[PDB]
Structure formats: structure tokens, C-alpha cells
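query.txt, holding compact mmCIF, C-alpha atoms and all ligand atoms:
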```txt
# COMPACT_ATOMS: atom_id res chain seq x y z
CA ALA A 1 -15.43 -72.65 -25.93
CA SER A 2 -15.64 -74.88 -28.99
CA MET A 3 -14.95 -73.61 -32.49
CA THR A 4 -17.78 -73.73 -35.05
CA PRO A 5 -17.22 -75.57 -38.39
CA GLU A 6 -16.49 -72.38 -40.36
CA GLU A 7 -13.90 -71.27 -37.78
CA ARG A 8 -12.07 -74.59 -38.10
CA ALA A 9 -11.99 -74.23 -41.90
CA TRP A 10 -10.59 -70.69 -41.65
CA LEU A 11 -7.76 -71.88 -39.42
CA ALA A 12 -6.85 -74.40 -42.12
CA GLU A 13 -6.24 -71.58 -44.63
CA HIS A 14 -3.98 -69.54 -42.34
CA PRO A 15 -1.03 -71.65 -41.18
CA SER A 16 0.51 -68.30 -40.22
CA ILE A 17 -1.13 -65.19 -38.79
CA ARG A 18 0.68 -61.81 -39.21
CA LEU A 19 0.83 -59.90 -35.94
CA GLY A 20 1.28 -56.16 -35.44
CA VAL A 21 2.93 -55.39 -32.13
CA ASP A 22 4.56 -52.46 -30.38
CA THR A 23 8.33 -52.74 -30.00
CA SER A 24 8.47 -50.64 -26.83
CA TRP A 25 5.35 -50.95 -24.62
CA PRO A 26 6.30 -52.95 -21.52
CA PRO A 27 4.74 -54.68 -19.70
CA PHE A 28 2.24 -55.44 -22.47
CA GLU A 29 4.35 -55.72 -25.64
CA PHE A 30 8.01 -55.28 -26.37
CA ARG A 31 10.72 -56.73 -28.57
CA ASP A 32 13.85 -57.70 -26.65
CA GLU A 33 17.30 -56.98 -28.08
CA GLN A 34 17.23 -60.42 -29.75
CA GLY A 35 14.11 -59.21 -31.58
CA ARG A 36 11.76 -61.57 -29.73
CA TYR A 37 8.21 -60.55 -28.83
CA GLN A 38 7.69 -60.41 -25.05
CA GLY A 39 5.19 -59.11 -22.52
CA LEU A 40 1.77 -59.78 -21.05
CA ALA A 41 0.05 -59.72 -24.45
CA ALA A 42 2.77 -62.01 -25.85
CA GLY A 43 1.82 -64.52 -23.12
CA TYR A 44 -1.79 -64.46 -24.30
CA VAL A 45 -0.57 -64.88 -27.86
CA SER A 46 1.49 -67.91 -26.89
CA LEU A 47 -1.63 -69.43 -25.30
CA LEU A 48 -3.73 -68.68 -28.43
CA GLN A 49 -1.08 -70.38 -30.54
CA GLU A 50 -1.32 -73.51 -28.38
CA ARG A 51 -5.10 -73.56 -28.60
CA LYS A 52 -5.50 -72.68 -32.29
CA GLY A 53 -2.66 -74.71 -33.73
CA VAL A 54 -1.47 -71.99 -36.08
CA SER A 55 1.65 -69.87 -36.00
CA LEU A 56 1.11 -66.33 -34.66
CA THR A 57 4.15 -64.39 -35.70
CA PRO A 58 5.00 -60.66 -35.46
CA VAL A 59 6.05 -59.07 -38.71
CA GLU A 60 9.08 -56.79 -39.11
CA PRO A 61 9.23 -54.02 -36.49
CA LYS A 62 7.63 -50.66 -37.27
CA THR A 63 6.54 -47.68 -35.21
CA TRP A 64 3.13 -48.06 -33.63
CA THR A 65 1.79 -45.40 -36.01
CA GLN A 66 3.09 -47.51 -38.92
CA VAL A 67 1.50 -50.68 -37.45
CA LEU A 68 -1.92 -49.02 -37.40
CA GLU A 69 -1.47 -47.96 -41.03
CA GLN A 70 -0.53 -51.53 -41.92
CA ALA A 71 -3.74 -52.77 -40.31
CA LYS A 72 -5.75 -50.16 -42.26
CA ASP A 73 -4.10 -51.43 -45.45
CA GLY A 74 -4.97 -55.01 -44.41
CA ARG A 75 -1.27 -55.88 -44.27
CA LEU A 76 -1.74 -57.48 -40.83
CA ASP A 77 -4.08 -60.14 -39.45
CA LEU A 78 -4.08 -59.55 -35.68
CA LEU A 79 -3.15 -56.74 -33.25
CA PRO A 80 -2.79 -58.40 -29.82
CA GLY A 81 -2.83 -55.32 -27.58
CA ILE A 82 -5.08 -52.43 -28.55
CA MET A 83 -8.10 -50.54 -27.26
CA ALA A 84 -11.23 -49.90 -29.30
CA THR A 85 -12.25 -46.36 -30.28
CA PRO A 86 -15.18 -45.21 -32.44
CA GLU A 87 -12.78 -44.24 -35.23
CA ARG A 88 -11.04 -47.60 -35.06
CA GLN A 89 -14.30 -49.50 -35.47
CA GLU A 90 -14.33 -48.17 -39.03
CA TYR A 91 -11.40 -50.38 -40.01
CA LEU A 92 -10.95 -52.90 -37.17
CA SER A 93 -13.09 -55.43 -35.36
CA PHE A 94 -12.20 -56.18 -31.77
CA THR A 95 -12.46 -58.95 -29.25
CA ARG A 96 -13.97 -58.10 -25.94
CA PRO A 97 -11.28 -56.72 -23.63
CA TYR A 98 -9.15 -59.21 -21.77
CA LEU A 99 -7.56 -56.71 -19.34
CA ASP A 100 -8.84 -53.40 -18.01
CA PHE A 101 -7.03 -50.60 -16.11
CA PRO A 102 -7.80 -46.99 -15.20
CA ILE A 103 -6.38 -44.18 -17.28
CA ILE A 104 -4.50 -41.98 -14.80
CA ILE A 105 -2.56 -38.66 -14.58
CA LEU A 106 1.15 -38.65 -13.74
CA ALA A 107 2.98 -35.52 -12.50
CA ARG A 108 6.38 -34.32 -11.34
CA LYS A 109 6.68 -33.83 -7.59
CA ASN A 110 8.23 -30.38 -8.15
CA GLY A 111 5.60 -29.54 -10.78
CA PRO A 112 1.86 -29.01 -11.21
CA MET A 113 -0.56 -31.70 -9.96
CA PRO A 114 -3.84 -31.96 -11.89
CA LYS A 115 -6.55 -33.99 -10.14
CA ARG A 116 -9.00 -34.47 -13.04
CA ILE A 117 -9.09 -33.80 -16.77
CA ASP A 118 -10.44 -30.29 -16.12
CA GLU A 119 -7.22 -29.32 -14.34
CA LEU A 120 -5.31 -30.26 -17.52
CA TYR A 121 -6.53 -27.28 -19.57
CA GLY A 122 -3.55 -24.92 -19.71
CA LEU A 123 -0.80 -27.54 -19.36
CA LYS A 124 1.36 -29.41 -21.85
CA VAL A 125 -0.03 -32.96 -21.50
CA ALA A 126 2.22 -35.77 -22.74
CA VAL A 127 0.57 -38.91 -24.14
CA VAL A 128 1.84 -41.88 -26.10
CA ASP A 129 1.23 -41.18 -29.78
CA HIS A 130 -1.79 -43.04 -31.21
CA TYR A 131 -2.66 -44.99 -28.15
CA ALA A 132 -6.25 -44.72 -27.03
CA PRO A 133 -5.72 -42.08 -24.27
CA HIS A 134 -4.46 -39.78 -27.03
CA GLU A 135 -7.48 -40.55 -29.28
CA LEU A 136 -10.04 -40.23 -26.47
CA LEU A 137 -8.70 -36.80 -25.50
CA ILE A 138 -8.68 -35.44 -29.07
CA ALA A 139 -12.25 -36.61 -29.60
CA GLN A 140 -13.64 -35.62 -26.22
CA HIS A 141 -11.48 -32.66 -25.13
CA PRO A 142 -10.21 -30.96 -28.32
CA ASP A 143 -9.03 -27.80 -26.56
CA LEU A 144 -6.40 -29.52 -24.44
CA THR A 145 -2.78 -29.09 -25.53
CA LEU A 146 -1.21 -32.53 -26.02
CA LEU A 147 2.40 -33.62 -26.64
CA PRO A 148 2.25 -37.04 -28.35
CA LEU A 149 5.48 -39.02 -27.92
CA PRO A 150 6.56 -42.32 -29.48
CA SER A 151 6.76 -44.55 -26.38
CA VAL A 152 5.76 -44.56 -22.74
CA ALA A 153 9.44 -44.14 -21.84
CA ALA A 154 9.87 -41.16 -24.14
CA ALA A 155 6.72 -39.66 -22.63
CA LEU A 156 7.75 -40.23 -18.99
CA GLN A 157 11.21 -38.83 -19.76
CA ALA A 158 9.63 -35.75 -21.30
CA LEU A 159 7.56 -35.36 -18.10
CA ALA A 160 10.49 -36.03 -15.80
CA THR A 161 12.78 -33.49 -17.49
CA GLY A 162 10.15 -30.70 -17.47
CA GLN A 163 9.30 -30.84 -21.18
CA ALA A 164 5.79 -31.90 -20.21
CA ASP A 165 3.74 -30.80 -17.24
CA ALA A 166 1.68 -33.99 -16.90
CA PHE A 167 1.23 -37.40 -18.57
CA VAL A 168 -2.03 -39.28 -19.20
CA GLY A 169 -1.91 -43.02 -19.74
CA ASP A 170 -3.02 -46.40 -18.51
CA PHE A 171 -2.21 -47.39 -14.93
CA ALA A 172 -0.15 -50.50 -15.73
CA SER A 173 2.29 -49.22 -18.32
CA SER A 174 2.67 -45.91 -16.45
CA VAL A 175 3.67 -47.49 -13.14
CA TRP A 176 5.75 -50.25 -14.74
CA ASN A 177 7.91 -47.76 -16.63
CA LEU A 178 8.07 -45.24 -13.81
CA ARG A 179 9.71 -47.92 -11.63
CA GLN A 180 11.79 -49.65 -14.31
CA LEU A 181 13.29 -46.35 -15.49
CA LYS A 182 13.66 -45.44 -11.78
CA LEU A 183 12.03 -42.05 -12.27
CA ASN A 184 11.69 -41.44 -8.53
CA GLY A 185 10.65 -37.85 -9.29
CA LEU A 186 7.21 -38.66 -10.74
CA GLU A 187 4.00 -39.68 -8.97
CA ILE A 188 0.34 -40.33 -9.70
CA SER A 189 -1.57 -37.06 -9.34
CA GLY A 190 -5.12 -38.03 -10.27
CA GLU A 191 -7.79 -39.99 -12.07
CA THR A 192 -9.75 -39.78 -15.31
CA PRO A 193 -13.23 -41.17 -16.05
CA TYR A 194 -11.67 -43.39 -18.71
CA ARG A 195 -10.73 -47.06 -18.69
CA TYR A 196 -7.96 -48.60 -20.81
CA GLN A 197 -9.64 -51.73 -22.23
CA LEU A 198 -6.96 -53.97 -23.70
CA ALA A 199 -8.33 -56.17 -26.48
CA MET A 200 -7.17 -57.77 -29.76
CA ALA A 201 -8.22 -56.49 -33.19
CA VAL A 202 -8.45 -57.74 -36.81
CA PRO A 203 -9.30 -55.98 -40.07
CA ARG A 204 -13.03 -55.21 -40.09
CA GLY A 205 -13.25 -56.90 -43.50
CA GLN A 206 -12.08 -60.23 -41.98
CA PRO A 207 -13.91 -60.55 -38.63
CA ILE A 208 -13.78 -64.35 -38.13
CA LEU A 209 -10.43 -64.34 -36.29
CA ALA A 210 -11.69 -61.84 -33.68
CA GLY A 211 -14.60 -64.21 -33.07
CA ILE A 212 -12.19 -67.14 -32.70
CA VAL A 213 -9.88 -65.28 -30.34
CA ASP A 214 -12.74 -63.85 -28.31
CA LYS A 215 -14.09 -67.36 -27.66
CA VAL A 216 -10.67 -68.57 -26.47
CA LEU A 217 -10.09 -65.55 -24.23
CA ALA A 218 -13.57 -65.84 -22.66
CA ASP A 219 -13.02 -69.55 -21.89
CA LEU A 220 -9.76 -69.10 -19.93
CA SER A 221 -9.67 -70.61 -16.45
CA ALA A 222 -9.10 -68.48 -13.38
CA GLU A 223 -5.87 -70.48 -13.04
CA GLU A 224 -4.72 -69.65 -16.58
CA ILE A 225 -5.49 -65.93 -16.12
CA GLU A 226 -3.45 -65.86 -12.91
CA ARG A 227 -0.43 -67.50 -14.56
CA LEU A 228 -0.63 -65.14 -17.54
CA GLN A 229 -0.30 -62.13 -15.25
CA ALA A 230 2.07 -63.51 -12.58
CA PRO A 231 5.43 -62.53 -14.22
CA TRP A 232 4.18 -58.93 -14.49
CA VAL A 233 2.42 -58.08 -11.21
CA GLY A 234 5.84 -57.85 -9.51
CA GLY A 235 7.05 -54.59 -11.06
CA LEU A 236 3.56 -53.10 -10.75
CA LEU A 237 3.61 -53.78 -7.01
CL CL A 301 -4.52 -48.37 -27.80
```
Please re-express this file's structure in C-alpha cells.
Ligand SMILES: [Cl-]
Amino acid sequence: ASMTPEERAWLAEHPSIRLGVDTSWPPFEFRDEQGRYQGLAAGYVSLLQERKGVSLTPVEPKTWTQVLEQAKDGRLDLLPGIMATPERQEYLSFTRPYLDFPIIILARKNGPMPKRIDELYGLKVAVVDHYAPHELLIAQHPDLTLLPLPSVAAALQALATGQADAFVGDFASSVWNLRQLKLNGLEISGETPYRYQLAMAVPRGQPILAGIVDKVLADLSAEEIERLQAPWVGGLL
């Protein structure tokens, strides 16, 4: 729970921490039309800011692909909502995950309905570009045919309009956007063996902040965790 002496000294040197966030990933991370960072991960960030006493501020908006390049080039200090992959461990260090959801398969009601990953071979499978579902599939199922799209909404719209035959993504952002875009033509068709493990990451060359954040996240009360999720359970259920 407590910071060590070196962690306190590091916080002194970083009055501001540069955050890399997705502009269009509700309910986890989005920038409203005023440009303000919102979402479930933004709530965790606001709590970290209170605890750490330093300013955690998103930098200028970029595509998520660009954000990951910025973190490779050490042009960012913290990514608040990202899943670990083996490839990412080469340039990022991660907290332990603070939220965890299944990775599921969405279909059109008038279209094909794959039950598992093995019923995806032979279909055009939409995924959000450079999120972990995409990277897991490339590494573990190279012969699938994927359609990476820039946002969950773009991907669900591709599925809903027939441009994709299925979509693979995490449970929470898939259901949130299905209902908020009112795509009453889609449904959940199946399961994968994969979990979406939402964590925060820092450049692997500067691991102290992931240690600091991990300690704060692990020390959260049951009460605090409930309040952090309460604005967002509504449009999942
Ligand atoms: Cl990710």
C-alpha cells in the first residue's frame, strides 16, 4: 500500500505524467467532444492522481496505432488501458490487470454464427486494429482472415452492414457499443479461450511507475472498486 523511498523520489521528478489513451473506446477510454478524457479507465486515472499527487494528463489525440508507436519511442509515460502480449513485453512493462473480461464472438442474426475460434476459419473476422484480440489471433491462429478496423464502432458497423462476417473482441466494449449504437441486428454467437486483461503499461526502460500504480490498484477497497465501475455497468446490463 505504502510507497517505498525511491518511489516517492521519482514522483518528485514527474509533476506531470504523459498519458496515451484511445479517443474512441467506450466504455474504457474516450475523448468527449470537448476533448476531455472519459471512461472507466479515466476513473481509475483520476483516483491515481488523487493518491499520487501528480498530474496525469493525456497528450494530443492520435490513433491507437500512433499511441503505441509513441510508447515505443518513449514519448509517453503511462498507457491506462491496455492488455499485455509477449511482443509488448519487449517495450512495455505492465501492472497486473485491474479488470478482466472474456473475449467473445459477435455475429449478425441473418449471417453466420461461429461458436469457437475453429468455426472462424473461412470467414472475414473483424477486430479492432492493434488491440490484443487482434495480436493474439495473429500470433496463435495465423491462417485466419482478419479485417482490422480503427475503432469498436467501425468494426461493429462493418459487421452489421455485411462487410464482416463476425467480430472478435472483449465482452464489455462489444456489448456497450452494440447497445449504444443500437445495432439490434447483432448478437453474441460464441466464446473464445482468451481473456481480455485490462492493465496499465509504461516504457520497459522506466518500470518504476508500473510498480507504483500496481501497488495503488492492488490496495483499492471493495467500496472503491464498486464506485469506479458503477457509472458503466448500466449500459452493459
Ligand atoms: Cl489491448
Excluding residue A:152 and its own-chain neighbours fewer than 2 positions away, which residues fall within 7 Å of it when counting only C-alpha atoms? Please give them as a PyMOL selection string. chain A and resi 25+128+154-156
Quick one: residues within 7 Å of ligand CL 301 (chain A), with all atoms listed in the file, as a ChimeraX atom specification? /A:82-83,130-132
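Nearest-residue note for residue A:18: choosing from A:160, A:126, A:201, A:181, the minimum distance belongs to A:201, counting all atoms listed in the file.
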What's the 8 Å shell around residue A:236, counting only C-alpha atoms, without same-chain residues fewer than 3 positions away, as an mmCIF file with C-alpha atoms, in the coordinates of the input?
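Saved as selection38.cif:
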```cif
data_model
loop_
_atom_site.group_PDB
_atom_site.id
_atom_site.type_symbol
_atom_site.label_atom_id
_atom_site.label_comp_id
_atom_site.auth_asym_id
_atom_site.auth_seq_id
_atom_site.Cartn_x
_atom_site.Cartn_y
_atom_site.Cartn_z
ATOM 1 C CA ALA A 172 -0.150 -50.500 -15.730
ATOM 2 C CA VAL A 175 3.670 -47.490 -13.140
ATOM 3 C CA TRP A 176 5.750 -50.250 -14.740
ATOM 4 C CA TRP A 232 4.180 -58.930 -14.490
ATOM 5 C CA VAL A 233 2.420 -58.080 -11.210
#
```
If we count only C-alpha atoms and set the cut-off at 9 Å, which residues sit around residue A:56, ignoring sequence neighbours fewer than 4 positions away in its own chain? Please answer as a list in words. residues 15, 16, 17, 18, 19, 45, 46, 48, 49 and 78 of chain A
Up to 12 Å from (-12.1, -66.1, -26.5) in the file's coordinates: name the residues, counting all atoms listed in the file, as a PDB file with C-alpha atoms, in the frame of the given file.
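The resulting file, selection00.pdb, is shown below:
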```
ATOM      1  CA  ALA A   1     -15.430 -72.650 -25.930  1.00  0.00           C
ATOM      2  CA  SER A   2     -15.640 -74.880 -28.990  1.00  0.00           C
ATOM      3  CA  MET A   3     -14.950 -73.610 -32.490  1.00  0.00           C
ATOM      4  CA  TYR A  44      -1.790 -64.460 -24.300  1.00  0.00           C
ATOM      5  CA  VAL A  45      -0.570 -64.880 -27.860  1.00  0.00           C
ATOM      6  CA  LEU A  47      -1.630 -69.430 -25.300  1.00  0.00           C
ATOM      7  CA  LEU A  48      -3.730 -68.680 -28.430  1.00  0.00           C
ATOM      8  CA  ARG A  51      -5.100 -73.560 -28.600  1.00  0.00           C
ATOM      9  CA  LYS A  52      -5.500 -72.680 -32.290  1.00  0.00           C
ATOM     10  CA  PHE A  94     -12.200 -56.180 -31.770  1.00  0.00           C
ATOM     11  CA  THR A  95     -12.460 -58.950 -29.250  1.00  0.00           C
ATOM     12  CA  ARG A  96     -13.970 -58.100 -25.940  1.00  0.00           C
ATOM     13  CA  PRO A  97     -11.280 -56.720 -23.630  1.00  0.00           C
ATOM     14  CA  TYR A  98      -9.150 -59.210 -21.770  1.00  0.00           C
ATOM     15  CA  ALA A 199      -8.330 -56.170 -26.480  1.00  0.00           C
ATOM     16  CA  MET A 200      -7.170 -57.770 -29.760  1.00  0.00           C
ATOM     17  CA  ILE A 208     -13.780 -64.350 -38.130  1.00  0.00           C
ATOM     18  CA  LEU A 209     -10.430 -64.340 -36.290  1.00  0.00           C
ATOM     19  CA  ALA A 210     -11.690 -61.840 -33.680  1.00  0.00           C
ATOM     20  CA  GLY A 211     -14.600 -64.210 -33.070  1.00  0.00           C
ATOM     21  CA  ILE A 212     -12.190 -67.140 -32.700  1.00  0.00           C
ATOM     22  CA  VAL A 213      -9.880 -65.280 -30.340  1.00  0.00           C
ATOM     23  CA  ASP A 214     -12.740 -63.850 -28.310  1.00  0.00           C
ATOM     24  CA  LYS A 215     -14.090 -67.360 -27.660  1.00  0.00           C
ATOM     25  CA  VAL A 216     -10.670 -68.570 -26.470  1.00  0.00           C
ATOM     26  CA  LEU A 217     -10.090 -65.550 -24.230  1.00  0.00           C
ATOM     27  CA  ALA A 218     -13.570 -65.840 -22.660  1.00  0.00           C
ATOM     28  CA  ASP A 219     -13.020 -69.550 -21.890  1.00  0.00           C
ATOM     29  CA  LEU A 220      -9.760 -69.100 -19.930  1.00  0.00           C
ATOM     30  CA  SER A 221      -9.670 -70.610 -16.450  1.00  0.00           C
TER      31      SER A 221
END
```
Would you be able to write out as JSON, numbers by chain which residues have an atom within 12 Å of (11.3, -30.7, -13.8) in the file's coordinates, counting all atoms listed in the file? {"A": [107, 108, 109, 110, 111, 112, 156, 157, 158, 159, 160, 161, 162, 163, 164, 165, 166, 183, 184, 185, 186]}
